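just the structure for this:
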Amino acid sequence: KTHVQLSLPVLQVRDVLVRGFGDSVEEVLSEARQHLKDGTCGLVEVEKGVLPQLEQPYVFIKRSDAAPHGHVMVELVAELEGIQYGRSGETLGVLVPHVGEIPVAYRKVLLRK
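Numbers count the residues shown, from 1 in each chain. What follows is the structure:
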């Protein structure tokens, strides 16, 4: 399927143990997609002071459309030293590995895969 319904655990930035997916734009987009498929991906909601506590390159989920079955359609955009790889809508959050942190909420998304 071109899209997959996912429910992403929303994590507090200070709980996150693994603060990014890797060391290059291509690697972090690769790893984010693998963790999304494997159900091992968390979401951190972006506010003042969040991104400097996480590791670049960043992987964002961004709204791709204006929401089947409650799932917002999203796509992945990476960012490294202020340059973004991809073009999409509003940020829903920054993706990180999930290694068992307790979430505060779930974000239902339809991921363009």
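
quick one: secondary structure of the residue nearest the centre of the chain?
The centroid of the chain falls nearest to residue 95 when counting by Cα atoms, centre = their mean (2.6 Å). Here residue 95 is strand, with the state taken from DSSP: H, G, I helix; E, B strand; the rest coil.

identify the bridge partners of it.
residue 43 (DSSP bridges).

hmm, it is touching residue 55, no?
No. Residue 95 is not in contact with residue 55 according to Cβ atoms under 8 Å; the separation is 11.8 Å. For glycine as for every other residue, the C-beta is placed from the backbone atoms N, C-alpha and C.

quick check: residue 28 is in a strand.
No. Counting by three-state DSSP, residue 28 falls outside a strand, being helix.

rewinding a little: quick one, what contacts the residue nearest to the centre of the chain?
Residue 95 makes contacts with 8, 21, 32, 35-36, 41-44, 59-61, 76, as judged by Cβ atoms under 8 Å, 6 or more residues apart in numbering.

and which of those is nearest residue 1?
residue 36 (13.0 Å; Cβ to Cβ).

could you say what helices and strands the helix or strand hosting that closest one packs with?
Assessed by DSSP states H and E, residue 36 sits inside helix 25-38. Using 3 or more Cβ pairs under 8 Å, 6 or more residues apart in numbering; DSSP states H and E, the elements in contact with helix 25-38 are strand 3-10, strand 58-63, strand 72-80, strand 91-97.
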